[PDB]
Amino acid sequence: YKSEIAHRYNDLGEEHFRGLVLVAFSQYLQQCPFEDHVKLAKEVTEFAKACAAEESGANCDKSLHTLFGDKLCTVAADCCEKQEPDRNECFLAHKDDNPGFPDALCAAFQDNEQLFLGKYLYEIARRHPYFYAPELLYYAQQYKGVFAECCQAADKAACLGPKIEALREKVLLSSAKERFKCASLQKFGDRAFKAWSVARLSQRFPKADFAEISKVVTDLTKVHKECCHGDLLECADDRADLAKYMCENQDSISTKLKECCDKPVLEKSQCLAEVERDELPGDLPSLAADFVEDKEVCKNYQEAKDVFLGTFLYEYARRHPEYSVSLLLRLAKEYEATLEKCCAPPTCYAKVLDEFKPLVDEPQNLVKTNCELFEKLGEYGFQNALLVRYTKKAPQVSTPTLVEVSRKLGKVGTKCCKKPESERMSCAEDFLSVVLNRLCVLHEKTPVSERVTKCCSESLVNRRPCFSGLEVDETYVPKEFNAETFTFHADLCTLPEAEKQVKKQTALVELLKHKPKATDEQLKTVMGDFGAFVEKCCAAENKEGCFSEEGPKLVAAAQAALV
């Protein structure tokens with residue numbers, strides 16, 4: 001109350017506080033030295049620590065942003081002269097996503113652990129300026145755990161290799177997901193998120209009353225709202241409080257929550273987040289009897305629209321674990337929109353009930369078909385298919401972007417396509433919702449396609465629908481073949497396959513940018529000839545060298561195949 005920095009210092013603790021501040025500066029500035037950030041992060045916590053004792057020390061009276069902003073502005077800047085709650089908005093809009101940035105280690109673990117774990121937070125945070133900081137702290141203590149497990153062992157890279165990567169992937173995905181959440185919260189607004197979380201947790205927690213879930217969602221909303229606005233201390237704190245509340249009344253929400261609440265701190269906050277769904281109790285009326293069969297649905301709808309629709313979202317969501325969170329939201333939107341029409345008459349909205357079936361069917365078909373295809377070519381070929389696809393869809397977009405997001409798109413198949421069929425559609429699009437966001441978040445700063453920004457700006461829920469039905473773009477004026485995109489290097493055959501695939505794919509994107517209306521076979525030819533070219537020349541020893549025949553044999557064969 002009387003001192004907020006002291007409040008958060010008291011509630012969170014010095015270490016988590018310090019870490020969180022370090023993250024804050026890392027995310028906000030991104031561009032500065034590590035030590036320079038540990039300096040500030042060190043000095044702020046001392047002020048906090050002093051004011052945890054003496055709450056009436058000067059400047060401890062202030063709000064967190066008031067201090068934080070001025071203390072930012074001390075760092076050697078048009079953003080700093082707003083000196084209003086707009087400080088942040090400037091500081092927040094100026095956050096660079098896609099910013100660049102590319103026993104010896106363990107020796108430093110024992111020497112200066114806190115520093116070692118600090119730099120992790122720094123590195124991760126500056127890459128991902130919208131990271132769920134608490135989660136990042138969890139990942140930090142995991143990072144602590146790794147070397148403890150492996151650094152005091154005979155073989156290092158064996159037990160260190162896979163676990164670092166395994167952690168890393170889970171860092172990446174986390175970043176992406178939090179970015180989606182905050183994207184909804186900032187670009188689209190409260191209710192979108194406050195609709196999303198309902199369906200999500202309604203799936204997750206059936207038995208739960210709509211009221212209980214409503215509270216949980218309100219709280220979660222608060223947490224992420226402040227968390228992704230730069231209010232990281234409050235986010236962490238309220239997250240902890242939320243987990244407390246969740247674990248307390250578990251018997252009122254879910255049976256499976258017992259496992260998590262025995263953790264120490266951040267751990268239950270993670271378990272809970274990654275706990276699965278309790279058994280649906282049914283029971284369960286028709287769902288027709290009320291929101292369809294009833295003559296009073298509209299009388300009840302008009303009294304409280306958002307409650308009614310929220311209740312419909314709850315009721316429908318819990319009964320269908322197999323539906324994607326996006327789908328259910330589209331169904332809720334359809335229901336609402338029809339209720340806005342049918343209403344101001346139980347004879348019309350007796351037909352809304354199956355207007356869903358198409359909306360349910362299109363995704364299902366999409367997922368099954370793309371999975372069918374996935375089983376055919378595997379991840380790589382799936383990525384290439386999606387690559388060609390999205391190059392056709394949005395050929396004005398940056399190549400490296402079009403590569404990245406297509407790989408991310410294809411990886412979905414590896415995540416959630418070998419699952420039980422019943423589980424395929426739910427996952428596939430939940431992540432698609434995450435991957436797609438990044439296509440646009442990357443597209444916002446540098447926009448070049450009306451259809452992409454439109455698609456991603458119109459509706460939070462109808463993003464995939466717009467992205468899959470997006471036809472081939474004929475407005476696009478294809479550029480002539482530049483010989484330099486097809487200039488190559490000996491290294492090509494020295495490279496690791498993993499980073500070789502990118503080299504193969506970038507060219508394919510660049511290939512379609514020249515002829516977007518190309519055919520399956522037509523591309524297959526050049527994909528064969530490219531192979532032919534690299535294998536003859538790279539095996540050609542004294543090469544290359546041989547690559548000096550780059551054009552006259554390959555491109556001078558490729559452009560013909562593409563007529």
# chains A, B, ... in the order shown; residues from 1 in each chain; ligands from 1

call {"tool": "residues_around", "arguments": {"residues": "residue 236 (chain A)", "least_positions_apart": "4", "cutoff": "7 Å", "atoms": "only C-alpha atoms", "output": "PyMOL selection string"}}
result
chain A and resi 134+232+240

call {"tool": "write_last_selection", "arguments": {"atoms": "N, CA and C atoms", "output": "PDB file, in the first residue's frame"}}
result
ATOM      1  N   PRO A 134       8.084 -14.859 -14.949  1.00  0.00           N
ATOM      2  CA  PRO A 134       8.037 -15.958 -13.976  1.00  0.00           C
ATOM      3  C   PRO A 134       8.463 -17.293 -14.596  1.00  0.00           C
ATOM      4  N   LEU A 232       5.995  -6.504 -14.495  1.00  0.00           N
ATOM      5  CA  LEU A 232       6.456  -7.870 -14.285  1.00  0.00           C
ATOM      6  C   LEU A 232       6.370  -8.313 -12.821  1.00  0.00           C
ATOM      7  N   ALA A 240       1.693 -16.060  -8.432  1.00  0.00           N
ATOM      8  CA  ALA A 240       1.845 -16.849  -7.210  1.00  0.00           C
ATOM      9  C   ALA A 240       0.535 -16.920  -6.419  1.00  0.00           C
TER      10      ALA A 240
END

call {"tool": "residues_around", "arguments": {"residues": "residue 532 (chain A)", "least_positions_apart": "6", "cutoff": "12 Å", "atoms": "only C-alpha atoms", "output": "mmCIF file with N, CA, C and O atoms, in the first residue's frame"}}
result
data_model
loop_
_atom_site.group_PDB
_atom_site.id
_atom_site.type_symbol
_atom_site.label_atom_id
_atom_site.label_comp_id
_atom_site.auth_asym_id
_atom_site.auth_seq_id
_atom_site.Cartn_x
_atom_site.Cartn_y
_atom_site.Cartn_z
ATOM 1 N N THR A 525 10.984 -30.842 -60.903
ATOM 2 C CA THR A 525 12.101 -30.848 -61.845
ATOM 3 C C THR A 525 13.294 -30.049 -61.317
ATOM 4 O O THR A 525 14.417 -30.551 -61.275
ATOM 5 N N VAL A 526 13.048 -28.806 -60.915
ATOM 6 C CA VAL A 526 14.121 -27.931 -60.454
ATOM 7 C C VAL A 526 14.668 -28.429 -59.118
ATOM 8 O O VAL A 526 15.846 -28.240 -58.811
ATOM 9 N N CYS A 538 29.737 -30.939 -55.723
ATOM 10 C CA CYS A 538 30.305 -31.084 -54.395
ATOM 11 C C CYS A 538 31.131 -32.365 -54.288
ATOM 12 O O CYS A 538 32.125 -32.408 -53.563
ATOM 13 N N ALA A 539 30.721 -33.406 -55.010
ATOM 14 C CA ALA A 539 31.513 -34.628 -55.090
ATOM 15 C C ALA A 539 32.697 -34.403 -56.021
ATOM 16 O O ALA A 539 33.644 -35.189 -56.042
ATOM 17 N N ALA A 540 32.636 -33.307 -56.773
ATOM 18 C CA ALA A 540 33.640 -32.984 -57.783
ATOM 19 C C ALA A 540 35.001 -32.629 -57.189
ATOM 20 O O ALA A 540 35.879 -32.139 -57.898
ATOM 21 N N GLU A 550 27.668 -22.626 -62.543
ATOM 22 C CA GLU A 550 26.414 -22.410 -61.821
ATOM 23 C C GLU A 550 25.237 -22.135 -62.738
ATOM 24 O O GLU A 550 24.264 -22.884 -62.748
ATOM 25 N N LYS A 553 24.444 -24.396 -66.606
ATOM 26 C CA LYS A 553 23.923 -25.760 -66.509
ATOM 27 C C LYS A 553 22.621 -25.830 -65.706
ATOM 28 O O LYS A 553 21.666 -26.479 -66.132
ATOM 29 N N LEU A 554 22.581 -25.169 -64.551
ATOM 30 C CA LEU A 554 21.417 -25.249 -63.669
ATOM 31 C C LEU A 554 20.314 -24.262 -64.057
ATOM 32 O O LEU A 554 19.248 -24.673 -64.520
ATOM 33 N N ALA A 557 18.869 -24.432 -67.172
ATOM 34 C CA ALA A 557 18.001 -25.594 -67.311
ATOM 35 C C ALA A 557 16.730 -25.371 -66.502
ATOM 36 O O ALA A 557 15.666 -25.888 -66.837
ATOM 37 N N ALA A 558 16.852 -24.588 -65.434
ATOM 38 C CA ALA A 558 15.742 -24.365 -64.516
ATOM 39 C C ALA A 558 14.703 -23.402 -65.080
ATOM 40 O O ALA A 558 13.506 -23.670 -64.996
#

call {"tool": "residues_around", "arguments": {"residues": "residue 270 (chain A)", "least_positions_apart": "4", "cutoff": "12 Å", "atoms": "only C-alpha atoms", "output": "list in words"}}
result
residues 132, 134, 135, 136, 137, 138, 139, 142, 174, 239, 240, 242, 243, 257, 259, 260, 261, 263, 264, 265, 266, 274, 275 and 276 of chain A

call {"tool": "write_last_selection", "arguments": {"atoms": "C-alpha atoms", "output": "PDB file, in the first residue's frame"}}
result
ATOM      1  CA  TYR A 132       6.449 -14.671 -19.300  1.00  0.00           C
ATOM      2  CA  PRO A 134       8.037 -15.958 -13.976  1.00  0.00           C
ATOM      3  CA  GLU A 135       8.227 -18.816 -16.491  1.00  0.00           C
ATOM      4  CA  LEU A 136      11.660 -17.535 -17.499  1.00  0.00           C
ATOM      5  CA  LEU A 137      12.746 -17.684 -13.855  1.00  0.00           C
ATOM      6  CA  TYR A 138      11.471 -21.268 -13.762  1.00  0.00           C
ATOM      7  CA  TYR A 139      13.553 -21.925 -16.882  1.00  0.00           C
ATOM      8  CA  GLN A 142      15.928 -25.482 -14.613  1.00  0.00           C
ATOM      9  CA  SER A 174       6.722 -20.522 -24.345  1.00  0.00           C
ATOM     10  CA  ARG A 239       0.628 -15.428 -10.527  1.00  0.00           C
ATOM     11  CA  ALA A 240       1.845 -16.849  -7.210  1.00  0.00           C
ATOM     12  CA  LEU A 242      -3.366 -17.265  -8.292  1.00  0.00           C
ATOM     13  CA  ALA A 243      -1.619 -20.628  -7.935  1.00  0.00           C
ATOM     14  CA  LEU A 257      -4.552 -30.348  -9.301  1.00  0.00           C
ATOM     15  CA  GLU A 259      -0.103 -33.306  -7.856  1.00  0.00           C
ATOM     16  CA  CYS A 260       0.991 -29.729  -8.551  1.00  0.00           C
ATOM     17  CA  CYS A 261       0.327 -28.023  -5.221  1.00  0.00           C
ATOM     18  CA  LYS A 263       5.748 -28.180  -5.390  1.00  0.00           C
ATOM     19  CA  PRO A 264       7.827 -25.384  -3.889  1.00  0.00           C
ATOM     20  CA  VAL A 265       6.912 -22.183  -5.740  1.00  0.00           C
ATOM     21  CA  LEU A 266       7.156 -21.512  -9.477  1.00  0.00           C
ATOM     22  CA  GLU A 274       0.545 -27.853 -17.967  1.00  0.00           C
ATOM     23  CA  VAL A 275      -1.947 -30.026 -16.023  1.00  0.00           C
ATOM     24  CA  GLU A 276      -4.448 -31.778 -18.286  1.00  0.00           C
TER      25      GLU A 276
END

call {"tool": "select_by_dssp", "arguments": {"residues": "region 407-521 of chain A", "states": "helix (DSSP H, G or I)", "output": "compact mmCIF listing (two decimals) with N, CA, C and O atoms, in the first residue's frame"}}
result
# COMPACT_ATOMS: atom_id res chain seq x y z
N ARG A 407 8.58 -23.31 -41.58
CA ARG A 407 9.17 -24.37 -40.76
C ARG A 407 8.34 -24.56 -39.49
O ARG A 407 7.96 -25.68 -39.14
N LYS A 408 8.05 -23.45 -38.81
CA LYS A 408 7.21 -23.47 -37.62
C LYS A 408 5.85 -24.10 -37.92
O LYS A 408 5.31 -24.85 -37.10
N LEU A 409 5.30 -23.79 -39.09
CA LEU A 409 4.03 -24.36 -39.52
C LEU A 409 4.15 -25.88 -39.66
O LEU A 409 3.30 -26.62 -39.17
N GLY A 410 5.21 -26.32 -40.33
CA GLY A 410 5.42 -27.74 -40.55
C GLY A 410 5.68 -28.52 -39.28
O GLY A 410 5.26 -29.67 -39.16
N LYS A 411 6.37 -27.90 -38.32
CA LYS A 411 6.68 -28.56 -37.06
C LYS A 411 5.42 -28.99 -36.30
O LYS A 411 5.44 -29.96 -35.53
N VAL A 412 4.33 -28.27 -36.52
CA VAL A 412 3.04 -28.58 -35.91
C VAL A 412 2.69 -30.04 -36.16
O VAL A 412 2.16 -30.72 -35.29
N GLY A 413 2.99 -30.51 -37.37
CA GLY A 413 2.76 -31.89 -37.73
C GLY A 413 3.53 -32.83 -36.83
O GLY A 413 3.02 -33.88 -36.43
N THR A 414 4.76 -32.47 -36.51
CA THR A 414 5.56 -33.31 -35.64
C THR A 414 5.03 -33.26 -34.22
O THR A 414 5.03 -34.27 -33.52
N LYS A 415 4.59 -32.08 -33.78
CA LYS A 415 3.95 -31.98 -32.47
C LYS A 415 2.70 -32.85 -32.37
O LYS A 415 2.64 -33.79 -31.58
N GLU A 421 -6.03 -39.70 -33.24
CA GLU A 421 -6.78 -38.86 -34.17
C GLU A 421 -7.70 -37.88 -33.44
O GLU A 421 -7.75 -36.69 -33.78
N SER A 422 -8.39 -38.38 -32.42
CA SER A 422 -9.30 -37.57 -31.62
C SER A 422 -8.64 -36.31 -31.06
O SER A 422 -9.31 -35.33 -30.77
N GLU A 423 -7.31 -36.35 -30.92
CA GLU A 423 -6.56 -35.25 -30.33
C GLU A 423 -5.92 -34.33 -31.37
O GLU A 423 -5.31 -33.32 -31.01
N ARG A 424 -6.07 -34.66 -32.65
CA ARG A 424 -5.33 -33.95 -33.69
C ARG A 424 -5.78 -32.50 -33.89
O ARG A 424 -4.97 -31.58 -33.82
N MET A 425 -7.07 -32.30 -34.13
CA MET A 425 -7.58 -30.97 -34.47
C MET A 425 -7.40 -29.97 -33.33
O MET A 425 -7.12 -28.80 -33.57
N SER A 426 -7.58 -30.44 -32.10
CA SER A 426 -7.47 -29.58 -30.93
C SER A 426 -6.11 -28.89 -30.88
O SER A 426 -6.02 -27.67 -30.81
N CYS A 427 -5.05 -29.69 -30.93
CA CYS A 427 -3.69 -29.18 -30.89
C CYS A 427 -3.34 -28.38 -32.14
O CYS A 427 -3.08 -27.18 -32.06
N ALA A 428 -3.34 -29.07 -33.28
CA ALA A 428 -2.90 -28.51 -34.57
C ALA A 428 -3.18 -27.03 -34.81
O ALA A 428 -2.30 -26.30 -35.26
N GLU A 429 -4.40 -26.60 -34.51
CA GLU A 429 -4.79 -25.21 -34.70
C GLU A 429 -4.49 -24.29 -33.51
O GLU A 429 -4.37 -23.07 -33.64
N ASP A 430 -4.33 -24.91 -32.34
CA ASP A 430 -4.04 -24.16 -31.12
C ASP A 430 -2.64 -23.60 -31.34
O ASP A 430 -2.37 -22.46 -30.97
N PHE A 431 -1.77 -24.40 -31.92
CA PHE A 431 -0.41 -23.97 -32.21
C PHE A 431 -0.38 -23.11 -33.47
O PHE A 431 0.36 -22.13 -33.54
N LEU A 432 -1.19 -23.49 -34.46
CA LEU A 432 -1.35 -22.67 -35.66
C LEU A 432 -1.69 -21.24 -35.27
O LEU A 432 -1.18 -20.29 -35.85
N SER A 433 -2.55 -21.10 -34.26
CA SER A 433 -2.90 -19.78 -33.74
C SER A 433 -1.66 -19.06 -33.21
O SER A 433 -1.60 -17.83 -33.23
N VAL A 434 -0.69 -19.83 -32.74
CA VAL A 434 0.54 -19.26 -32.20
C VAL A 434 1.53 -18.94 -33.32
O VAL A 434 2.11 -17.85 -33.36
N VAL A 435 1.71 -19.89 -34.24
CA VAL A 435 2.64 -19.71 -35.35
C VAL A 435 2.20 -18.56 -36.24
O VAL A 435 3.01 -17.74 -36.66
N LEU A 436 0.90 -18.51 -36.53
CA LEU A 436 0.35 -17.49 -37.41
C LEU A 436 0.58 -16.09 -36.84
O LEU A 436 1.02 -15.19 -37.56
N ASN A 437 0.29 -15.91 -35.56
CA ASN A 437 0.53 -14.64 -34.88
C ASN A 437 1.90 -14.09 -35.24
O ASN A 437 2.02 -12.96 -35.72
N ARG A 438 2.92 -14.91 -35.05
CA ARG A 438 4.29 -14.53 -35.37
C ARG A 438 4.45 -14.10 -36.82
O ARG A 438 5.28 -13.25 -37.12
N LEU A 439 3.65 -14.67 -37.73
CA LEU A 439 3.76 -14.27 -39.13
C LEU A 439 3.37 -12.82 -39.25
O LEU A 439 3.90 -12.09 -40.09
N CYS A 440 2.44 -12.39 -38.40
CA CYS A 440 1.87 -11.06 -38.50
C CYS A 440 2.62 -10.08 -37.63
O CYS A 440 2.90 -8.96 -38.05
N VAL A 441 2.95 -10.52 -36.42
CA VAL A 441 3.80 -9.73 -35.53
C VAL A 441 5.08 -9.33 -36.25
O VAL A 441 5.55 -8.20 -36.12
N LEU A 442 5.63 -10.26 -37.03
CA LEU A 442 6.79 -9.96 -37.87
C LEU A 442 6.39 -9.08 -39.05
O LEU A 442 7.21 -8.35 -39.60
N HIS A 443 5.11 -9.15 -39.43
CA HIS A 443 4.60 -8.44 -40.60
C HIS A 443 4.14 -7.03 -40.25
O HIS A 443 4.01 -6.18 -41.13
N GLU A 444 3.90 -6.77 -38.97
CA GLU A 444 3.37 -5.48 -38.54
C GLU A 444 4.38 -4.36 -38.70
O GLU A 444 4.07 -3.32 -39.28
N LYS A 445 5.59 -4.57 -38.19
CA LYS A 445 6.64 -3.56 -38.28
C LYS A 445 6.98 -3.26 -39.74
O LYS A 445 7.13 -2.10 -40.13
N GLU A 450 -1.65 -6.59 -48.19
CA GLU A 450 -2.96 -6.19 -47.70
C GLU A 450 -3.68 -7.38 -47.07
O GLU A 450 -4.29 -7.27 -46.01
N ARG A 451 -3.58 -8.53 -47.73
CA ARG A 451 -4.36 -9.71 -47.37
C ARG A 451 -3.89 -10.29 -46.04
O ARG A 451 -4.70 -10.72 -45.22
N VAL A 452 -2.58 -10.29 -45.83
CA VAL A 452 -2.00 -10.80 -44.60
C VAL A 452 -2.43 -9.94 -43.41
O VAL A 452 -3.03 -10.44 -42.45
N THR A 453 -2.12 -8.65 -43.48
CA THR A 453 -2.43 -7.74 -42.38
C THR A 453 -3.94 -7.70 -42.16
O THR A 453 -4.40 -7.73 -41.01
N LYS A 454 -4.71 -7.65 -43.25
CA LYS A 454 -6.16 -7.74 -43.16
C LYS A 454 -6.52 -8.97 -42.34
O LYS A 454 -7.05 -8.85 -41.24
N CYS A 455 -6.20 -10.13 -42.90
CA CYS A 455 -6.47 -11.42 -42.27
C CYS A 455 -6.17 -11.43 -40.78
O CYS A 455 -6.98 -11.88 -39.97
N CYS A 456 -5.00 -10.91 -40.42
CA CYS A 456 -4.57 -10.92 -39.02
C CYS A 456 -5.11 -9.75 -38.20
O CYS A 456 -5.08 -9.80 -36.97
N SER A 457 -5.61 -8.71 -38.87
CA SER A 457 -6.15 -7.55 -38.17
C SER A 457 -7.66 -7.65 -37.96
O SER A 457 -8.18 -7.13 -36.98
N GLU A 458 -8.37 -8.30 -38.88
CA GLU A 458 -9.83 -8.35 -38.80
C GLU A 458 -10.31 -9.02 -37.52
O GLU A 458 -11.02 -8.41 -36.73
N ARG A 463 -8.32 -16.17 -37.90
CA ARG A 463 -7.01 -16.03 -38.51
C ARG A 463 -6.69 -17.21 -39.44
O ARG A 463 -6.42 -17.00 -40.62
N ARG A 464 -6.74 -18.43 -38.91
CA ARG A 464 -6.48 -19.61 -39.74
C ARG A 464 -7.45 -19.69 -40.93
O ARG A 464 -7.00 -19.89 -42.06
N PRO A 465 -8.77 -19.56 -40.68
CA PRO A 465 -9.74 -19.54 -41.78
C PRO A 465 -9.33 -18.66 -42.96
O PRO A 465 -9.44 -19.08 -44.12
N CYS A 466 -8.87 -17.45 -42.66
CA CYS A 466 -8.42 -16.52 -43.68
C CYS A 466 -7.11 -16.97 -44.31
O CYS A 466 -6.87 -16.74 -45.49
N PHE A 467 -6.27 -17.63 -43.51
CA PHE A 467 -4.96 -18.07 -43.96
C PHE A 467 -4.95 -19.32 -44.81
O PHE A 467 -3.97 -19.59 -45.50
N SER A 468 -6.02 -20.10 -44.76
CA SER A 468 -6.01 -21.37 -45.47
C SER A 468 -6.79 -21.25 -46.75
O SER A 468 -6.50 -21.92 -47.74
N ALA A 490 31.28 -23.44 -52.05
CA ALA A 490 31.74 -24.79 -51.76
C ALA A 490 31.12 -25.29 -50.46
O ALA A 490 30.63 -26.43 -50.37
N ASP A 491 31.12 -24.40 -49.46
CA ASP A 491 30.66 -24.72 -48.12
C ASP A 491 29.33 -25.47 -48.14
O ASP A 491 29.09 -26.31 -47.27
N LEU A 492 28.50 -25.17 -49.13
CA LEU A 492 27.19 -25.80 -49.31
C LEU A 492 27.25 -27.28 -48.97
O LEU A 492 26.36 -27.80 -48.31
N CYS A 493 28.32 -27.95 -49.40
CA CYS A 493 28.42 -29.39 -49.17
C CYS A 493 29.20 -29.71 -47.89
O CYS A 493 29.35 -30.88 -47.53
N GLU A 497 23.33 -30.64 -42.37
CA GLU A 497 22.04 -30.77 -43.05
C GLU A 497 21.00 -29.79 -42.50
O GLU A 497 20.31 -29.11 -43.26
N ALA A 498 20.91 -29.72 -41.17
CA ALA A 498 19.93 -28.89 -40.49
C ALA A 498 19.90 -27.46 -41.02
O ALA A 498 18.84 -26.90 -41.27
N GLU A 499 21.08 -26.87 -41.19
CA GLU A 499 21.20 -25.51 -41.71
C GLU A 499 21.37 -25.52 -43.24
O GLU A 499 21.39 -24.47 -43.87
N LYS A 500 21.48 -26.72 -43.81
CA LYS A 500 21.52 -26.89 -45.25
C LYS A 500 20.11 -26.80 -45.81
O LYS A 500 19.87 -26.24 -46.89
N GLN A 501 19.16 -27.35 -45.06
CA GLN A 501 17.75 -27.35 -45.45
C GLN A 501 17.26 -25.92 -45.64
O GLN A 501 16.51 -25.62 -46.58
N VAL A 502 17.67 -25.03 -44.74
CA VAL A 502 17.33 -23.62 -44.84
C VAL A 502 17.86 -23.09 -46.16
O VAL A 502 17.14 -22.43 -46.91
N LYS A 503 19.13 -23.40 -46.45
CA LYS A 503 19.75 -22.97 -47.70
C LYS A 503 18.95 -23.47 -48.90
O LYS A 503 18.75 -22.73 -49.86
N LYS A 504 18.48 -24.71 -48.83
CA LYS A 504 17.62 -25.24 -49.88
C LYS A 504 16.30 -24.49 -49.97
O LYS A 504 15.83 -24.17 -51.06
N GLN A 505 15.70 -24.20 -48.82
CA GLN A 505 14.35 -23.61 -48.77
C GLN A 505 14.28 -22.13 -49.19
O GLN A 505 13.37 -21.73 -49.92
N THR A 506 15.23 -21.33 -48.71
CA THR A 506 15.29 -19.91 -49.07
C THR A 506 15.23 -19.75 -50.59
O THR A 506 14.51 -18.89 -51.11
N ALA A 507 15.99 -20.59 -51.28
CA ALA A 507 16.02 -20.58 -52.73
C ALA A 507 14.65 -20.92 -53.31
O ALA A 507 14.23 -20.32 -54.30
N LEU A 508 13.97 -21.88 -52.70
CA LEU A 508 12.65 -22.30 -53.16
C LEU A 508 11.65 -21.15 -53.04
O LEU A 508 10.88 -20.88 -53.97
N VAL A 509 11.67 -20.47 -51.89
CA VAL A 509 10.89 -19.25 -51.72
C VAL A 509 11.23 -18.28 -52.86
O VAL A 509 10.36 -17.89 -53.64
N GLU A 510 12.51 -17.94 -52.95
CA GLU A 510 13.00 -17.04 -53.99
C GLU A 510 12.65 -17.56 -55.38
O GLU A 510 12.52 -16.78 -56.33
N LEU A 511 12.50 -18.88 -55.51
CA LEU A 511 12.15 -19.48 -56.79
C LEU A 511 10.70 -19.17 -57.12
O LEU A 511 10.39 -18.75 -58.24
N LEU A 512 9.82 -19.37 -56.15
CA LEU A 512 8.41 -19.06 -56.35
C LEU A 512 8.15 -17.58 -56.51
O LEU A 512 7.23 -17.19 -57.22
N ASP A 520 3.35 -28.39 -59.36
CA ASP A 520 3.99 -29.45 -58.58
C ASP A 520 5.20 -29.99 -59.33
O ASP A 520 6.35 -29.77 -58.93
N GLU A 521 4.92 -30.68 -60.44
CA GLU A 521 5.95 -31.31 -61.26
C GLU A 521 7.05 -30.32 -61.67
O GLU A 521 8.24 -30.61 -61.55

call {"tool": "closest_residue", "arguments": {"among": "A:175, A:396, A:364, A:384", "to": "residue 479 (chain A)", "atoms": "only C-alpha atoms"}}
result
A:396

call {"tool": "residues_around", "arguments": {"residues": "region 319-334 of chain A", "least_positions_apart": "4", "cutoff": "9 Å", "atoms": "only C-alpha atoms", "output": "VMD selection string"}}
result
chain A and resid 195 to 197 199 to 200 202 to 204 206 277 280 284 309 to 310 312 to 315 338 to 339 352 355 to 356 359 to 360 363 422 to 430 433 460 to 464

call {"tool": "atom_distance", "arguments": {"atom1": "CA of residue 484 (chain A)", "atom2": "CA of residue 96 (chain A)"}}
result
29.4 Å

call {"tool": "residues_around", "arguments": {"residues": "residue 481 (chain A)", "least_positions_apart": "3", "cutoff": "10 Å", "atoms": "only C-alpha atoms", "output": "MDAnalysis selection string"}}
result
chainID A and resid 478 484:486 510:511 513:515 555 559

call {"tool": "write_last_selection", "arguments": {"atoms": "C-alpha atoms", "output": "PDB file, in the first residue's frame"}}
result
ATOM      1  CA  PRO A 478       6.913 -11.485 -60.100  1.00  0.00           C
ATOM      2  CA  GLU A 484      22.775 -13.944 -57.175  1.00  0.00           C
ATOM      3  CA  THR A 485      20.083 -15.819 -55.225  1.00  0.00           C
ATOM      4  CA  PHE A 486      21.474 -18.819 -57.100  1.00  0.00           C
ATOM      5  CA  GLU A 510      12.998 -17.043 -53.991  1.00  0.00           C
ATOM      6  CA  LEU A 511      12.152 -19.478 -56.789  1.00  0.00           C
ATOM      7  CA  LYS A 513       8.824 -15.303 -56.076  1.00  0.00           C
ATOM      8  CA  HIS A 514       9.939 -15.539 -59.730  1.00  0.00           C
ATOM      9  CA  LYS A 515       7.082 -17.795 -60.841  1.00  0.00           C
ATOM     10  CA  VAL A 555      19.542 -21.946 -64.099  1.00  0.00           C
ATOM     11  CA  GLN A 559      14.217 -21.285 -66.159  1.00  0.00           C
TER      12      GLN A 559
END

call {"tool": "residues_around", "arguments": {"residues": "residue 120 (chain A)", "least_positions_apart": "4", "cutoff": "7 Å", "atoms": "only C-alpha atoms", "output": "CSV table (one decimal) with N, CA, C and O atoms, in the first residue's frame"}}
result
chain,number,residue,atom,x,y,z
A,116,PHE,N,25.9,-16.4,-13.6
A,116,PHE,CA,25.8,-17.4,-14.6
A,116,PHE,C,24.3,-17.6,-15.0
A,116,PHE,O,23.9,-17.6,-16.2
A,124,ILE,N,18.0,-14.8,-22.9
A,124,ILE,CA,16.6,-15.2,-23.3
A,124,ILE,C,15.7,-13.9,-23.4
A,124,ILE,O,15.0,-13.8,-24.4
A,140,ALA,N,15.2,-20.6,-15.7
A,140,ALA,CA,16.5,-20.3,-15.1
A,140,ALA,C,16.9,-21.3,-14.1
A,140,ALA,O,18.0,-21.9,-14.1

call {"tool": "residues_around", "arguments": {"residues": "residue 209 (chain A)", "least_positions_apart": "5", "cutoff": "9 Å", "atoms": "only C-alpha atoms", "output": "PDB file with N, CA and C atoms, in the first residue's frame"}}
result
ATOM      1  N   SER A 214     -14.933 -18.176 -13.973  1.00  0.00           N
ATOM      2  CA  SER A 214     -15.001 -16.743 -14.252  1.00  0.00           C
ATOM      3  C   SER A 214     -13.986 -15.989 -13.401  1.00  0.00           C
ATOM      4  N   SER A 252     -12.905 -27.894  -5.904  1.00  0.00           N
ATOM      5  CA  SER A 252     -13.999 -27.124  -6.482  1.00  0.00           C
ATOM      6  C   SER A 252     -13.788 -26.896  -7.978  1.00  0.00           C
ATOM      7  N   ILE A 253     -12.612 -27.270  -8.481  1.00  0.00           N
ATOM      8  CA  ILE A 253     -12.274 -27.058  -9.887  1.00  0.00           C
ATOM      9  C   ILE A 253     -11.880 -28.361 -10.584  1.00  0.00           C
TER      10      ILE A 253
END

call {"tool": "atom_distance", "arguments": {"atom1": "CA of residue 256 (chain A)", "atom2": "CA of residue 179 (chain A)"}}
result
27.5 Å

call {"tool": "closest_atom_pairs", "arguments": {"of": "region 44-132 of chain A", "to": "region 145-149 of chain A", "cutoff": "12 Å", "atoms": "only C-alpha atoms", "output": "Markdown table"}}
result
| residue | atom | partner | partner_atom | distance |
| --- | --- | --- | --- | --- |
| A:103 | CA | A:147 | CA | 10.1 |
| A:104 | CA | A:147 | CA | 11.4 |
| A:105 | CA | A:147 | CA | 9.1 |
| A:106 | CA | A:147 | CA | 6.7 |
| A:107 | CA | A:147 | CA | 10.2 |
| A:108 | CA | A:147 | CA | 10.8 |
| A:109 | CA | A:147 | CA | 8.0 |
| A:110 | CA | A:148 | CA | 9.8 |
| A:113 | CA | A:147 | CA | 10.8 |
| A:116 | CA | A:147 | CA | 11.0 |
| A:117 | CA | A:145 | CA | 10.6 |
